[PDB]
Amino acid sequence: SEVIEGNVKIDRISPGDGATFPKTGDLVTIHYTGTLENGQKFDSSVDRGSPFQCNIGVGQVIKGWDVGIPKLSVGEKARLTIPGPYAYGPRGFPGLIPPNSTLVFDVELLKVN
């Protein structure tokens, strides 16, 4: 596991084309599962049967996603461990994430665009 910006950790699980990497502003199609540090699952889009899309690195998602995702190539599966300051910090999210939580994200880069 690699320690990227802000102390976010990447655990590579299954490779991508090792060549198609998301660039700033690129639209990404991802499948994620979010868990707290205890393993307690709080969200998943796989459960929704619909992948998430956002433009990467422009402030649309929490910073751990912004620093994290661009280091993945199309088709890869990896796990992002994100500390509070790079996620929801001291505020959290009502009914999902408590103040100061470290978030674990299992994500799959389906397509870059």
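Just count from 1 along the sequence shown to find any residue number.
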{"query": "Stretch with the higher entry mean CA B-factor, where the candidates are 13-21 and 94-102", "finding": "13-21"}
{"query": "Top Cα B factor in the deposited entry, candidates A87, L36, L27, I69", "finding": "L36"}
{"query": "Maximum C-alpha temperature factor, selected from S44, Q40, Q60, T81", "finding": "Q40"}
{"query": "CA B-factor placement of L110, once the chain's modelled residues are sorted into thirds", "finding": "middle"}
